[PDB]
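First, one chain by itself in structure tokens, the form deposited in one PDB entry.
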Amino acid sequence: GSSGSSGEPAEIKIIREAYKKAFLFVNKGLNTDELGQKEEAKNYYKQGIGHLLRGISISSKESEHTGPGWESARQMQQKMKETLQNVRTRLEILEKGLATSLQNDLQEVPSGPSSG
């Protein structure tokens, strides 16, 4: 939806971006928290979290993709998968630290398809 040049596999070009923006909005969330702006901080993470997925949800499976560009791309991808798990926690201790009544808690994913 922008157009640039017919060179990248289209998939990588998307990972090289989702990785930057995903980490860009992150370095911001941490700052705010330090400044004393919980609200904003929560929002920042709410954005970076999305980009993380957009980059982790790419077709990185091909039986004919032997190139150096895919190497660095695969590396950055892993970074997110590691950052996210770390971000989720931050976005948790934050919300639970702001609300005084209730804010997303009582939850227990359905272990099985049916208790029987």
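In this text, residue numbers run from 1 along the sequence as written.
The discussion below concerns the form solved in complex with a partner chain, not included here.
In the deposited bound form, no heavy atom of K96 sits within 4.5 Å of the partner chain. The closest non-hydrogen atom of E40 lies beyond 4.5 Å of the partner chain in the deposited bound form. In the deposited bound form, at least one heavy atom of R90 sits within 4.5 Å of the partner chain. At a distance threshold of 4.5 angstroms between non-hydrogen atoms, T83 is in contact with the partner chain in the deposited bound form.
The contact residue chosen from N31, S59, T66, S72 relative to the partner chain in the deposited bound form is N31, the criterion being a non-hydrogen atom within 4.5 angstroms.
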